[PDB]
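Reviewing the structure listed below.
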Amino acid sequence: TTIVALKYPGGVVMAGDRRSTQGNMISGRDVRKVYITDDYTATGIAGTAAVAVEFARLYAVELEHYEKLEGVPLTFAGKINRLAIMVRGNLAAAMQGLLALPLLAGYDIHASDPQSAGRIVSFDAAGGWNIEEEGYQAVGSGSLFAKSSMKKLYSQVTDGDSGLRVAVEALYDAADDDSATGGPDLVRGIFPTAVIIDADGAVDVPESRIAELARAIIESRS
Amino acid sequence: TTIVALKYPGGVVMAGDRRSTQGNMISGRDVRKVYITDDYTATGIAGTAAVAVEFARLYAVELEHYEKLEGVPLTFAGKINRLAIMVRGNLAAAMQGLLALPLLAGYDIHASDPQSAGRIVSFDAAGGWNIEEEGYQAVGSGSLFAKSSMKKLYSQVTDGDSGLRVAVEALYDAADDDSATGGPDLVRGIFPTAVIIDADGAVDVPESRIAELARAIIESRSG
Amino acid sequence: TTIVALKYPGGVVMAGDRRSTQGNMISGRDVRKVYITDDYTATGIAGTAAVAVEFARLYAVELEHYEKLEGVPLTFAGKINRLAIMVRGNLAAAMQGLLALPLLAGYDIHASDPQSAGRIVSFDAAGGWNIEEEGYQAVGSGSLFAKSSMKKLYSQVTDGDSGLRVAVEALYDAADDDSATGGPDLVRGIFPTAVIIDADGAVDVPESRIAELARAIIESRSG
Amino acid sequence: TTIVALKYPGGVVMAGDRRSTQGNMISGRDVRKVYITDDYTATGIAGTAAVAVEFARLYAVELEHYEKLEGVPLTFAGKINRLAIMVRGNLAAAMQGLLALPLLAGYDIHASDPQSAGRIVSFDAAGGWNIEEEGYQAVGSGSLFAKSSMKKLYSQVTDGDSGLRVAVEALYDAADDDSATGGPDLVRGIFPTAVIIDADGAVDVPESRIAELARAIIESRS
Amino acid sequence: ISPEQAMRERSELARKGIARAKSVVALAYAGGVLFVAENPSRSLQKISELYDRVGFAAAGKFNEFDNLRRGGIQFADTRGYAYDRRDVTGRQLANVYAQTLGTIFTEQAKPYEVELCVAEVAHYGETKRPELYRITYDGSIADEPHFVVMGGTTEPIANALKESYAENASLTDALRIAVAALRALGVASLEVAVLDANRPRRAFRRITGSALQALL
Amino acid sequence: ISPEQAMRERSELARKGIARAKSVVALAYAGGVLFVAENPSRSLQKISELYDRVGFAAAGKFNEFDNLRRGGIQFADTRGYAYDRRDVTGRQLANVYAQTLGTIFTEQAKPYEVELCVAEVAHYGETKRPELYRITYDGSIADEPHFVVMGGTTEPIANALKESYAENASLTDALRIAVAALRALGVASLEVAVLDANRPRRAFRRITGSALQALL
Amino acid sequence: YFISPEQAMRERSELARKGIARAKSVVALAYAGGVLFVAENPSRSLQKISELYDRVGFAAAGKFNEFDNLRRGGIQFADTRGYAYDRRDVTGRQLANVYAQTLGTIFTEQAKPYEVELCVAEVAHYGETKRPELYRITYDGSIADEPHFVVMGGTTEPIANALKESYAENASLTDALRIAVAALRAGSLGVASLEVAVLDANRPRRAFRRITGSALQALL
Amino acid sequence: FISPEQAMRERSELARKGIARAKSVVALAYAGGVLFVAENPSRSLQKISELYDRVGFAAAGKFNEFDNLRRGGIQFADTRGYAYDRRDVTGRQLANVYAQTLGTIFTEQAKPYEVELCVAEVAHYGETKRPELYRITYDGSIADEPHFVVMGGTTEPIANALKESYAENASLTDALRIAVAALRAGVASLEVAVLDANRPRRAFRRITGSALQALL
Ligand SMILES: *C(=O)[C@]1([C@@H](O)[C@@H]2C=CCCC2)NC(=O)[C@H](CC)[C@]1(C)O
Ligand SMILES: *C(=O)[C@]1([C@@H](O)[C@@H]2C=CCCC2)NC(=O)[C@H](CC)[C@]1(C)O
Ligand SMILES: *C(=O)[C@]1([C@@H](O)[C@@H]2C=CCCC2)NC(=O)[C@H](CC)[C@]1(C)O
Ligand SMILES: *C(=O)[C@]1([C@@H](O)[C@@H]2C=CCCC2)NC(=O)[C@H](CC)[C@]1(C)O
């Protein structure tokens, strides 16, 4: 599994691969690992499928629950804390092999400077969180490959579209070196999913745009 | 054990073998592993017999319970979640060797496009679920042989009848390679059971229909 | 231990051996392992004696309890479910070695066809149950020997008496191959016990009938 | 990790490195490990990041909670006791690998002699505390190196600025010998953080001041 | 007040509430049992399925009998699961309602302003006369052989039926007889359902809209 | 304690406080459902989102109906999570408030001085008539087809609505009709919101400030 | 004796209305720099004005043991909320809402209702712009959004009107203090007899600030 | 529904009576700290006690009741000082706790406590601060007294007698005399103790026998 997130001027993009495995076997080819959790945030999760799906679903419910009860959404810091507490609550199960780690991406409507209101937050098994300030982050078995790729490509990110291209290429590099991360599948037409978030909110990136970028990366390396 | 499920234009079919074993011993030859759980869904279960049967029974009760209390049946997504929660509840027991894994097949009356309203959902021991998008799925010790067989035969599935025939042939291939999955028994006249679900609901496929398909498959491979 | 049960036209018969052991030592020669649990059912139990006996006693009380409270006996399916739940409740203890497995035989007064209203149900340690369709079943350390014997003799079963003879001979074959199962004891005059159940209810088979069958089996093989 | 604290005439200074790791991998370069917990105290934490952060956050809340309820802040001894109890409460978890150890620095407004009102307190996993009387202390994997360094440099501490210099140099020595402690990063412009506390309260030391001190130490050693 | 007064106080409180409510009738007919209630609402129901061959109908305060309806479904599903489906009966449900209302009437601050009817038809391909039970706000239970009337002013409706009640009446004849005795009224203002003894397992079946129209 | 006297006193105690409070109206219109309440406060609200297509409006003592509002959101979120979002309905929420108010009315020292309205509009791209339910202090529930009025003196506002009401009125026409029947007040004294059936998921939408200004 | 619920209601309300009238008065008013709290308070140890959270203040009139109880409960609620979510998620509206619900329950469920009247105020976050908010919660759980000032305890009428007339939006601290002390004085003094504090918008995090002794003197 | 206004009256009277009908106690600030003088003939049963380092306690009323509070206070204080620090315990905290406890007793227990308490605190060694005196009523009311406190029996006479003889910073002997006097308005019949601000840690100190006789 590989999920990446990176900041670009004015927003953030998060993208994830589509593979699920059971040992060496490829058990799924179209899993969606990145979720829009509220109007300004997306969550991508790696590790145990059952736990990750429940995290995303319960977390979205918790954010909207607060909003309906209090009349206003939680501050971005509050959203981070809720996700951290949820991860911490899974610690016992996680030590038993039910371990899932989320990656959070968001746009802070209350930030002073809009061009940099993008946020990326990572989490560890005990609920520790870290607001990433180097521009990008990744989780999953292919994360080191993705991060080393983004380290070299990040200077090319100047807007949402180039941010999306770098994210897709980082997932491409993860799949190239990690057998547990799925590459673009041209035969079946299945590609990584992505979510872009800017001042207008979080939106799913249409598959056709990703397919286009993936084909260009492949052409380029051929 | 092998339970298979596949989508065809307009519906879904689920079929299961009839064998039960205890170690190397064949202990049963007519076990039914596929249950109609409500008007539009069927559940097939592999693993521990005791947990398998209790899952199906309680699941059927739970679905109808909601329907009588609320006046309307659960949405298909709600049905999936209830089965997932029940599986998750058995996780501690599963780790102790009481593991059971269900395969859910259904027809979603509320889906926009009826030809593709068929649904196949698989579950892992932790309650994780996945709505299958590749057309078929299988669970049990013969599931890999069944799936590799359906991968080559699935293009022939153009409707509910060829879907049923393929399902039977996938079970046949599972039994051919997995000693824990039972093949058609011509001497005793016992064959895999199956359930078909379409817009008119879930129905048990008559044994005579399965027997014909099985005999035909056998004749073919004989030459 | 060996307990057998088989269906015959119009009913069912259940028989059990009389031996109890402690390791290699024969500790009992007249234990009764088959009980009439209600007017139409009998329970035979193998495994840990303390649990086996409690199961039979508590189960009979539970069946009659329902009957007195509700005015009508449980349906056969309900009787099966109650036994299964009782076995399931002993699972932890069973894992710790207090393992007991019952075999249930009955006649279903509500079945459509009377000639086949006989029922045989087996149970596993987790409470899983299976209504037997092959005509006979057996539990205990001599069960495989008994079943392989009934497999060859079952075609001779046409009524209650040929049914009883096959049951006694199956127990004789179990004792012949399993030192933990007791054979007919001609010196002390102790023989397997048996219950027959048909439309008129469950009745203990008189010892003198079993003695006569056992002696015939012995004489027959003596030459 | 390395966190150091030392007393100077009229106050106390506490400084921490910015590295976070996962095994041999450098997983963070800008972590902040020293927090102002109330107007006169700072806490620096080492160990499991999730626990360390929760300690710092929960502890600041507890101090202010008392103040609002009772109208007056806790005495310094009371502050020490509350931190100790919090650490003791984490002992079971600590035994399972979730160990966190805080270092407390403060200025006691009620001390008789102002020039020595500075306080440094260390804590062990069971909640045992010790008010240090030797002038400095450190916690974390680089603490022995830092302490041996301060042992030789401490006589140069005559005020806040030389105190801050010696603290930064002790952290430099800790990073020089302990791969788990981060040295000054001239390429990215990241330096240790520090808090100074005197009669006027606790204030964060500006990054530019620490950078000058670090560049001065580096030139000096080259 | 005195425990003697209490009971009449309560009893009155309940009788008033039920009297002040719409009416419902249940009657045995050739195909099983028919339920017809005066009900304007489209969402709030007074007739419901309880179990395979068991139906429920009530009159009175909605929040109170809906509560009892849920409790009944809970009891039935639990019983069926713990024993077998065929072990759940209309008599058991009536019995349970009797005991519950009896307890409410005696122990709860306010008695329930409701009147219930539990009905059961034979199992598929079986032969048995439908059963109808009425349970009142105080736990009293009665075995009715032909029909039951509850809610509002029953006298008029009761007699109206005591007169037109034809045994083995077809569905249409039964519907008419019922809608009539009730007036003593169309799809918009009525709720209709049957315990159809000819259904393989679930006998409860609602008759609405055009389908109901035709029958009217 | 005499059952009669108590049920009478409690009742008046609630009817009184409710009529004593500001008024609220909810009415079906072309785009879904419109909520308009007389509300001076800028912070304390009487209209709220409950779930995706379900809205809430109340009149009476604030602390009491806000309590109910929270309880409702709690119920809905828990239901949707335990089953699926699409399984939560306006009818279920109304049913729950009825059970809750009936329980309060009967078991609590003081009954709740509130009157609630639960509304639901169709799911995106679906077609279904809006649903409006009114739940009383006693726990009574009613299915209203066009509009609901609660709080203060309803008679005047009710009738005013009766003459004016138009099925399918546009938003502006509906707003006007409503603000009018209510007077029977500007953006600084009104709380306005709609369950917009055209919204993909969350239908609840507040109409305030300049935007509200325009419409009225 | 035994009474109807309606009578018991009026009785409780009176029982508490009496207790609040019988007590000293307090006023809170919005001013240029945030919110000002001024209460008639002889004691040096027992306080009627308190900080609740970063930008939220509390003031009460009535029976001390009862509103101090509520003050503590409020601080408990706020600290717990800020820790479970984020500091910036705690608001004056939330605190008022919680007090409304708590007093409502006390008024209804306890043998005696609380003889208290509370005011929760909130000012903008540092460098932010927002009109102060003032809420009044009464012994029965009723809550009201006041835009300019709040008066509680003793005979309010006189003090209320006195402010309706003197009160000026954007008054400086000194002008606001005077306006307040006079109005207050209308009821029935110096630093010894007054409790004064402000929620200061200018402060970066903790707004609550007590004004006492010489410093308070000077403002007079 | 029982009458609340009646109760407060009954209870309050019952308590006022018992306290009125009891021996008197006075506590007053003096040069060296605080002085406690109470009308007590009993050798063993005390009305004045140490609570914590610089905090003292004095009561009037039913012994078993205020002794219970004395023990509870010592408990609260010791627990607080251990959980935080000794210096963190204060007279204000203790008074506050007593106020809350009596308030709860007065409201929740069959009978209210017939007691009146005084908590006093003096400065820490070598520190300068005016002694503090608090009085807590049976109802749980609390008051900050600046010079002296009088409780038990008929206070009016003793109060005034004090209001005249009280001298800011009177020496111990002058304070004792002034007190014993205002009280009359014998060593065997008088209990005496002081919160001596000059003591390094424990301020509470009893003045009895010959020592007590000499100051007179
Ligand atoms: C990834 O973390 C991975 C995915 O199968 C899983 C599936 C769906 C969403 C959550 C992530 N989890 C695993 O256990 C695999 C093996 C290392 C996986 C492919 O990496
Ligand atoms: C199959 O999964 C299998 C079946 O015996 C069992 C029986 C009835 C319905 C549930 C599934 N389960 C087992 O444990 C066997 C082990 C080899 C089996 C044959 O695979
Ligand atoms: C049989 O299962 C056996 C019997 O001793 C026991 C006794 C009375 C009725 C229940 C069955 N159980 C054992 O543990 C023995 C050893 C293998 C036994 C003889 O088989
Ligand atoms: C330091 O103690 C260290 C830091 O990663 C950690 C992160 C943030 C603040 C608390 C301290 N903890 C560890 O486990 C690392 C490995 C030895 C670390 C770098 O020393």
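Throughout, protein chains are lettered first and strands after them, A, B, ... in sequence-line order, and every chain is numbered starting at 1.
- Proximity to chain G (any heavy atom under 4.5 Å) is restricted, for F/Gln108, to the side chain, taken from C-beta onward.
- Within 6.0 Å of CZ on F/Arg183 lie no more than 12 heavy atoms contributed by other residues, nucleotides or ligands.
- When heavy atoms are compared at a cutoff of 4.5 Å, G/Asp140 approaches chain F by way of both its backbone and its side chain.
- Residues of residues 120-128 of chain G having a heavy atom under 4.5 Å from any heavy atom of chain F: none.
- In this structure, CG in F/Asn67 is found 7.0 Å from OG1 in G/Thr105, a value given to the nearest 0.5 Å.
- In this structure, F/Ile1 places its CD1 atom where only 12 or fewer heavy-atom neighbours from other residues, nucleotides or ligands lie under 6.0 Å away.
- Neither the backbone nor the side chain of G/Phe2 comes within contact range of chain F; no heavy atoms are under 4.5 Å apart.
- Remark: F/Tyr112 OH to G/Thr108 OG1 distance equals 8.0 Å, nearest 0.5 Å.
- Interface summary for chain G: among F/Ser43, F/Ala109, F/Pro40, the most heavy-atom pairs under 4.5 angstrom belong to F/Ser43.
- If you measure heavy-atom distances from F/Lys110 to chain G, the contacts under 4.5 Å come from both the backbone and the side chain.
- Looking at G/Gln7, neither its backbone nor its side chain comes within 4.5 Å of chain F, counting heavy atoms on both sides.
- Contact annotation for G/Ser142: both backbone and side-chain heavy atoms come within less than 4.5 Å of a heavy atom of chain F.
- Residues of residues 10-39 of chain G never come closer than 4.5 Å to chain F when only heavy atoms are counted.
- The minimum heavy-atom distance linking G/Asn97 with F/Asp66 is given by the pair OD1-OD2, 3.0 Å.
- No side-chain heavy atom of G/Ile143 sits less than 4.5 Å from a side-chain heavy atom of F/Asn63.
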